[PDB]
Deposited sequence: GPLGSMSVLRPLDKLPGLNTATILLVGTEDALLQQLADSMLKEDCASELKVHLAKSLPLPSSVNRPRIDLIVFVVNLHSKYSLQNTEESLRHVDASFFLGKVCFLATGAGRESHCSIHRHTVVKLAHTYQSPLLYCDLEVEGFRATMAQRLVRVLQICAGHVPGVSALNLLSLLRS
């Protein structure tokens, strides 16, 4: 009844995030699809671009994939999720690049270390709520209202 597309090149992290989102409990029935890239080879309510700040390939793949997304998706139905930004080991230039990306496509930029169980759990809560909003399940709040 609410469907999210996770786009990212790290299968394992996408899977653990998906599992985190599916972890109990949710009033709506959540479906998760994963893609390594866009364009894809089903109704999709929310797209989350998971960007690995330690991987230049991740950045490039996000940048390229974005070109295939219809503009109506950026009306609150796209979120960026940067991983590695809280770590001193990450490249600052990449972080700036993704901040500029999220700004350009006027979409939220969220940060999480997906390798940390608790942090990923909380982020999954946030994303479940955003997904429900985008799917029209939250009274008085549409994807349009997410725009800020």
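Q.
If I number the deposited sequence starting at 1, which residue ranges have no C-alpha coordinates at all?
A. Seq positions lacking coordinates: 1-19, 61-65, 173-176.
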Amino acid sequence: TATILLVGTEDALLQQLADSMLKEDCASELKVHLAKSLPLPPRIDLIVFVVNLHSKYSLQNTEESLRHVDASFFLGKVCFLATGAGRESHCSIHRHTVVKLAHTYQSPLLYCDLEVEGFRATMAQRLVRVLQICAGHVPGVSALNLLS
From here on, numbers count along this sequence of modelled residues.
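Q) Comparing 92-100 with 78-86, which stretch shows the greater average C-alpha B-factor in the deposited entry? A) So the stretch with the higher mean C-alpha B-factor is 92-100.
Q: Return whichever of 131-139 and 18-26 has the greater mean Cα B factor according to the PDB record.
A: That would be 18-26.
Q: Kindly indicate the residue among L110, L34, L66, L114 with the greatest C-alpha B-factor in the PDB record.
A: In this record, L114 carries the highest C-alpha B-factor of the candidates.
Q | Residue selected from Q106, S55, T122, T62 by maximal Cα B factor | A | Reading the PDB entry, the winner on C-alpha B-factor is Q106.
Q | Relative C-alpha B-factor of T1, binned into the chain's lowest, middle or highest third | A | As the PDB entry reports it, the C-alpha B-factor of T1 lands in the highest third of its chain.
Q) For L38, does the deposited CA B-factor place it in the lowest, middle or highest third of the chain? A) Within its chain, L38 is a middle-third residue by C-alpha B-factor, going by the deposited values.
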